[PDB]
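Undergrad: Here it is, the structure in full.
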Amino acid sequence: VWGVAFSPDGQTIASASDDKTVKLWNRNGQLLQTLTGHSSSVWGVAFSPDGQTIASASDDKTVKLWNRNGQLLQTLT
Amino acid sequence: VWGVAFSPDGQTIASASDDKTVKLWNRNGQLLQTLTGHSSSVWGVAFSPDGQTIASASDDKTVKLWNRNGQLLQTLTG
Amino acid sequence: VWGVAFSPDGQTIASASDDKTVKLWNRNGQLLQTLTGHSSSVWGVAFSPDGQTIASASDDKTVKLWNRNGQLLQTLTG
Amino acid sequence: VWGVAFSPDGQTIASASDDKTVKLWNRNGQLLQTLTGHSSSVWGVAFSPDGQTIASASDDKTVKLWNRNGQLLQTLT
């Protein structure tokens with residue numbers, strides 16, 4: 001987990017945003033997804049080794065797992 | 001902020017809990033193990049290169065090494 | 001704490017400086033580049049898989065992408 | 001950088017210690033080195049890809065590079 005990361009193919013960038021979301025962009029500047037669901041500040045993001053799943057860590061004391069298409073998969077409490 | 005980590009194959013997640021334990025989960029959301037032994041807050045977790053050993057660093061001034069099956073291996077002191 | 005990073009080949013180090021710049025160094029201690037453009041504190045730096053692109057995240061609410069030769073490529077906004 | 005890390009061969013563990021040092025141990029519990037030099041709290045450690053160099057990051061606003069034998073190589077200010 002870092003507050004900002006590149007996908008394993010280098011084409012997607014994830015960052016923790018100050019509004020309790022995670023933003024996903026393409027390297028050309030286009031915003032792809034806004035991951036909404038955490039109830040407090042988000043401080044960390046990580047990609048899985050195949051780049052298909054994104055993890056986020058928050059001051060709400062959960063870790064959430066998402067598909068890169070924006071869908072929430074799991075909440076680890 | 002060092003209190004969450006992912007195994008290098010992405011199948012296991014480790015997280016420090018407020019009750020001074022470390023939780024290990026599978027990526028399907030199931031809880032696998034609860035690592036109990038630190039006497040103060042756990043601030044850092046890390047996986048070994050094959051994911052089979054977990055290290056936990058605590059305000060009790062120790063680093064503990066655990067197997068992913070939940071067994072305590074070592075307590076490192078400075 | 002996210003304000004220092006290492007390239008995947010270990011040859012380049014990135015660090016956020018208090019003057020709102022990102023510094024790039026070689027492992028021999030020499031300063032290679034100073035990335036200037038953020039208007040507030042820089043809190044996170046990261047390298048792409050080949051080390052050729054650097055991302056910087058700032059309290060100015062942007063993420064900037066740079067080539068390792070110092071050129072600004074993109075400013076990402078939420 | 002993380003506050004605790006395994007070497008790439010899994011045989012050495014590095015951690016930031018509360019006394020402004022970095023400790024290096026073998027997986028069998030033996031303390032190998034104490035890296036002394038930072039003038040404030042040390043919060044992050046990392047190994048190079050070959051495991052021969054250790055980086056440390058501190059509230060003194062420096063990053064230091066060390067050989068695994070304990071010798072200071074560089075201070076990045």
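Scheme for the structure tokens: letters A, B, ... for chains in order shown; per-chain residue numbers from 1; ligand numbers from 1 in order shown.
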What residues in chain B get the DSSP label strand (DSSP E or B)? Please answer as a PyMOL selection string.
TA: chain B and resi 2+4-6+12-16+22-26+31-35+42-47+53-58+62-67+72-77
Undergrad: Write out the residues from the selection above, keeping C-alpha atoms, as a PDB file, in the first residue's frame.
TA:
ATOM      1  CA  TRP B   2       2.344   0.366   7.583  1.00  0.00           C
ATOM      2  CA  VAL B   4      -1.779  -3.274   6.035  1.00  0.00           C
ATOM      3  CA  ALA B   5       0.094  -5.548   3.573  1.00  0.00           C
ATOM      4  CA  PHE B   6      -0.529  -7.912   0.618  1.00  0.00           C
ATOM      5  CA  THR B  12      -3.467 -13.088   1.315  1.00  0.00           C
ATOM      6  CA  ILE B  13      -4.001  -9.706   3.052  1.00  0.00           C
ATOM      7  CA  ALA B  14      -2.607  -8.802   6.541  1.00  0.00           C
ATOM      8  CA  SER B  15      -4.025  -6.017   8.722  1.00  0.00           C
ATOM      9  CA  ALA B  16      -3.211  -4.758  12.233  1.00  0.00           C
ATOM     10  CA  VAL B  22      -2.778  -9.166  13.204  1.00  0.00           C
ATOM     11  CA  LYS B  23      -5.544 -10.541  10.986  1.00  0.00           C
ATOM     12  CA  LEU B  24      -4.835 -12.634   7.858  1.00  0.00           C
ATOM     13  CA  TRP B  25      -7.559 -12.837   5.163  1.00  0.00           C
ATOM     14  CA  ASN B  26      -7.978 -14.426   1.746  1.00  0.00           C
ATOM     15  CA  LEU B  31     -10.626 -14.561   7.824  1.00  0.00           C
ATOM     16  CA  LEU B  32      -7.816 -17.189   7.918  1.00  0.00           C
ATOM     17  CA  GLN B  33      -5.871 -16.430  11.125  1.00  0.00           C
ATOM     18  CA  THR B  34      -5.614 -14.092  14.108  1.00  0.00           C
ATOM     19  CA  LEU B  35      -2.027 -13.615  15.309  1.00  0.00           C
ATOM     20  CA  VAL B  42       0.952  -3.146  16.031  1.00  0.00           C
ATOM     21  CA  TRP B  43       2.128  -0.506  13.504  1.00  0.00           C
ATOM     22  CA  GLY B  44       3.697  -2.563  10.687  1.00  0.00           C
ATOM     23  CA  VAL B  45       3.126  -5.828   8.855  1.00  0.00           C
ATOM     24  CA  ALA B  46       5.168  -7.376   6.007  1.00  0.00           C
ATOM     25  CA  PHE B  47       5.325 -10.617   4.003  1.00  0.00           C
ATOM     26  CA  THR B  53       6.233 -15.780   6.764  1.00  0.00           C
ATOM     27  CA  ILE B  54       4.693 -12.640   8.213  1.00  0.00           C
ATOM     28  CA  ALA B  55       6.535 -10.027  10.241  1.00  0.00           C
ATOM     29  CA  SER B  56       4.730  -7.728  12.691  1.00  0.00           C
ATOM     30  CA  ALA B  57       6.305  -4.668  14.350  1.00  0.00           C
ATOM     31  CA  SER B  58       4.817  -3.246  17.522  1.00  0.00           C
ATOM     32  CA  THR B  62       9.555  -6.279  19.256  1.00  0.00           C
ATOM     33  CA  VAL B  63       9.241  -7.698  15.748  1.00  0.00           C
ATOM     34  CA  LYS B  64       7.481 -11.074  15.662  1.00  0.00           C
ATOM     35  CA  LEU B  65       7.802 -13.642  12.840  1.00  0.00           C
ATOM     36  CA  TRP B  66       4.888 -15.963  12.148  1.00  0.00           C
ATOM     37  CA  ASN B  67       4.106 -18.742   9.694  1.00  0.00           C
ATOM     38  CA  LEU B  72       4.786 -17.880  16.188  1.00  0.00           C
ATOM     39  CA  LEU B  73       8.372 -18.548  15.005  1.00  0.00           C
ATOM     40  CA  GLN B  74      10.547 -15.820  16.598  1.00  0.00           C
ATOM     41  CA  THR B  75      10.421 -12.641  18.698  1.00  0.00           C
ATOM     42  CA  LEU B  76      13.197 -10.218  17.601  1.00  0.00           C
ATOM     43  CA  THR B  77      14.470  -7.647  20.048  1.00  0.00           C
TER      44      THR B  77
END
Undergrad: Residues within 8 Å of residue 63 (chain A), please, as a list in words. Count only C-alpha atoms; anything in the same chain fewer than 5 positions from it doesn't count.
TA: residues 55, 56, 57, 58, 75, 76 and 77 of chain A
Undergrad: Mind dumping the selected residues with N, CA and C atoms as an mmCIF file, in the first residue's frame?
TA:
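Written out: part.cif:
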data_model
loop_
_atom_site.group_PDB
_atom_site.id
_atom_site.type_symbol
_atom_site.label_atom_id
_atom_site.label_comp_id
_atom_site.auth_asym_id
_atom_site.auth_seq_id
_atom_site.Cartn_x
_atom_site.Cartn_y
_atom_site.Cartn_z
ATOM 1 N N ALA A 55 -6.924 -2.590 -4.025
ATOM 2 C CA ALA A 55 -7.209 -2.524 -2.572
ATOM 3 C C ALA A 55 -7.062 -1.089 -2.070
ATOM 4 N N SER A 56 -7.927 -0.702 -1.135
ATOM 5 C CA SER A 56 -7.868 0.620 -0.507
ATOM 6 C C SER A 56 -7.941 0.487 1.023
ATOM 7 N N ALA A 57 -7.173 1.313 1.723
ATOM 8 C CA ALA A 57 -7.129 1.299 3.186
ATOM 9 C C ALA A 57 -7.502 2.665 3.719
ATOM 10 N N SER A 58 -8.326 2.686 4.764
ATOM 11 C CA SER A 58 -8.922 3.937 5.236
ATOM 12 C C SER A 58 -8.868 4.078 6.754
ATOM 13 N N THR A 75 -15.283 -6.129 1.741
ATOM 14 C CA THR A 75 -14.858 -5.216 2.812
ATOM 15 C C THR A 75 -14.276 -6.044 3.969
ATOM 16 N N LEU A 76 -12.989 -5.869 4.223
ATOM 17 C CA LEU A 76 -12.277 -6.615 5.264
ATOM 18 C C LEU A 76 -12.301 -5.727 6.529
ATOM 19 N N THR A 77 -12.997 -6.117 7.596
ATOM 20 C CA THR A 77 -13.149 -5.224 8.761
ATOM 21 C C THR A 77 -12.229 -5.599 9.929
#
Undergrad: Identify, on the basis of only C-alpha atoms, every residue whose closest approach to residue 40 (chain B) does not exceed 9 Å; exclude the query and any residue fewer than 2 positions from it along the same chain; express the result as a tab-separated table (two decimals) with C-alpha atoms, in the first residue's frame.
TA:
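Final output, saved to part24.tsv:
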chain	number	residue	atom	x	y	z
B	19	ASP	CA	-6.88	-5.22	19.84
B	20	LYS	CA	-3.10	-5.71	19.23
B	38	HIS	CA	2.01	-8.37	21.00
B	42	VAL	CA	0.95	-3.15	16.03
B	58	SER	CA	4.82	-3.25	17.52
B	59	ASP	CA	5.16	-0.42	20.05
B	60	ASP	CA	6.17	-3.20	22.53
B	61	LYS	CA	9.57	-2.79	20.78
Undergrad: Check every residue of chain A for an atom within 8 Å of chain C, counting only C-alpha atoms, and provide those that qualify as an NGL selection string.
TA: :A and (2-10 or 15 or 17-18 or 23 or 25 or 27-31)
Undergrad: As an exercise, work out the distance from CA of residue 18 (chain B) to CA of residue 53 (chain A) in Å and give it to one decimal place.
TA: 26.1 Å
Undergrad: Taking into account only C-alpha atoms, which residue in the set A:1, A:68, A:19, A:40 is nearest to chain D?
TA: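 Smallest distance to chain D is found for A:1.
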Undergrad: I need the residue nearest residue 16 (chain A) from this list: A:33, A:69, A:41, A:62. Use only C-alpha atoms for the distance.
TA: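 Nearest candidate to residue 16 (chain A) out of A:33, A:69, A:41, A:62: A:41.
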Undergrad: Work out how far CA of residue 8 (chain B) is from CA of residue 71 (chain A), in Å to one decimal.
TA: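 If I compute the distance from CA of residue 71 (chain A) to CA of residue 8 (chain B), I get 23.0 Å.
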Undergrad: Report, in Å to a single decimal, how far apart CA of residue 51 (chain D) and CA of residue 35 (chain D) are.
TA: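 Interatomic distance, CA of residue 35 (chain D) to CA of residue 51 (chain D): 15.7 Å.
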